[PDB]
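Chemist:
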Amino acid sequence: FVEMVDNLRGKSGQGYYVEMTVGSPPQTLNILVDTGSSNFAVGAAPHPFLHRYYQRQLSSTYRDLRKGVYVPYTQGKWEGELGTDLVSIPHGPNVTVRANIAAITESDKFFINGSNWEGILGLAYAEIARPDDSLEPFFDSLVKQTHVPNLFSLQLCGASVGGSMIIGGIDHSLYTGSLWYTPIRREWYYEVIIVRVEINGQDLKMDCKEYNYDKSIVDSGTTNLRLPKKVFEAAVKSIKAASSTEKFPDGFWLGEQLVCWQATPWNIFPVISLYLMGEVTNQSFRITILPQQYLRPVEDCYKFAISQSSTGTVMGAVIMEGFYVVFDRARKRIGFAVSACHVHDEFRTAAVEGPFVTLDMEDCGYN
Ligand SMILES: Cc1ccccc1-c1ccc2nc(N)c(CCC(=O)NC3CCCCC3)cc2c1
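When you line the sequence shown up against the deposited numbering, it's residues -1 to 156, 168 to 272, 275 to 310, 318 to 385, in that order.
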């Protein structure tokens, strides 16, 4: 796994991408790592923002599937032609597989101008693959056609970001302390149940069903910790309270404006804790984030990285960047451990702790 360490790059706010190759001879593309979709899609036309793109005409192992795909989103969309070809990951396991590839021939508000990536690797489940669940996601394919075990892990390290994606195992030097696993409520997104939220060790005092409405997910494809509406009201109310010492433009708590400091009063900001449903009946654990997780640097200035959401809780790069996250697909469970590469300070750290006793955890999901 020393092979796979530090195999992720990116730029702040612009996702984490991994080098891959497609076709024979191999064509190298930077592909964005996304645990919140399930399509493998790449630029196949010379869009102006792209450094490079998939040239099917160059590939002896390309097979057309004579079948289009449309994928719209809030703003924008991408459109492609479906096909398969030989795919490998240079700094991954030492194999090559045939997987589905959507060749993007038309997009709109998909590619980022100035970014250094050219496609997306959907690592979530077939249930949200477009056009429908019959398009076997890349990871499914890899596990079938090789002896690579059904799991991966992500250490996202935080204008230039880095990280590690360990495919097919765990690297114990990427985390400290112990791994705690919450279960994957259903194999579509990486869906989890959150059963408590504290701040500096103080309950937010809400029905737990409100933390997970209409779902909670683990998503390397999102930047912010995104909480739902109700939860977000209550959570800002309490961070503002803990940091009365200084006051801030009542728009900044919406990411609109960024606050600056010379040469930054860390102790003024609370730790957040999420309790997640555990492996055992009535048992939970909690993950704790420092302010240096939800206050991210720009270019000493900082963006407020917790957002109003309306499609549920999303534990994005803000959460994930403090922890080593294990996507134990084999045993329908997600693992969290304190990352070796998260930013500390003198007096406090991020933490993964348990066990705790929590009754009626089922009643936290939506139906
Ligand atoms: C920017 C965009 C422009 C046009 C076409 C798609 C996208 C796009 C691409 C990848 C994404 N990945 C993510 N993780 C998220 C956040 C959560 C989410 O809604 N995920 C997806 C579920 C599967 C189907 C698409 C949405 C959003 C994404 C949006």
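Think of the CB as a built atom: it goes at the ideal place given N, C-alpha and C, for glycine as much as any other residue.
1) Since I believe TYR305 is in contact with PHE296 (beta carbons under 8 Å), could you give me their beta-carbon distance rounded to a whole number of angstroms?
2) Less than 8 Å between the CB atoms is what I'm expecting for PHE109 and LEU48, so what's the real figure, rounded?
3) Are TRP277 and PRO258 close, meaning C-beta to C-beta below 8 Å?
4) Note down the Cα distance separating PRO91 from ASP4, rounded to an integer number of angstroms.
5) State yes or no: is the C-beta of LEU80 within less than 8 Å of the C-beta of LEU56?
6) Out of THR292, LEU6, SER22, point me to the one whose CA is closest to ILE29's CA.
7) Does the Cβ-Cβ distance between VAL245 and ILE352 come in under 8 Å?
8) Can you tell me the Cα-Cα spacing of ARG128 and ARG347, whole angstroms?
9) Once you ignore the five residues that flank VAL332 on each side, which residues in its own chain have a CB closer than 6 Å to its CB?
10) For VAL20, is the classification buried or exposed, using 16 other Cβ atoms within 10 angstroms of its Cβ as the cut-off for buried?
11) When you compare the stretch 179 to 188 with the stretch 198 to 207, are there three or more beta-carbon pairs, one atom per stretch, that lie closer than 8 Å?
12) Is the CB-CB distance between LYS224 and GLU200 below 8 Å?
13) Less than 8 Å between the beta carbons of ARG61 and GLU116, yes or no?
14) Taking only runs of the beta strand (DSSP E) that begin and end inside the stretch 328 to 381, which ones reach a length of at least 3 residues, in chain order?
15) If you measure from the CB of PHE345, is any heavy atom of ligand 1 nearer than 7 Å?
16) Can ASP130 be considered in contact with ligand 3, in the sense that its beta carbon sits closer than 7 Å to one or more heavy atoms?
17) With respect to the alpha helix (DSSP H) encompassing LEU140, which residues constitute its N-terminal and C-terminal limits?
18) I need the DSSP call for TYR71, collapsed to helix, strand or coil.
Modeler: Working from what's here:
1) Not really, about 20 Å apart at Cβ, beyond 8 Å.
2) 6 Å
3) no
4) 14 Å
5) no
6) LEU6
7) no
8) 21 Å
9) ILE226, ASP228, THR231, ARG235
10) buried
11) no
12) yes
13) no
14) 331 to 333, 341 to 346, 351 to 357, 369 to 375
15) no
16) Ligand 3 is absent from the structure shown, which contains only ligand 1.
17) 136 to 143
18) coil
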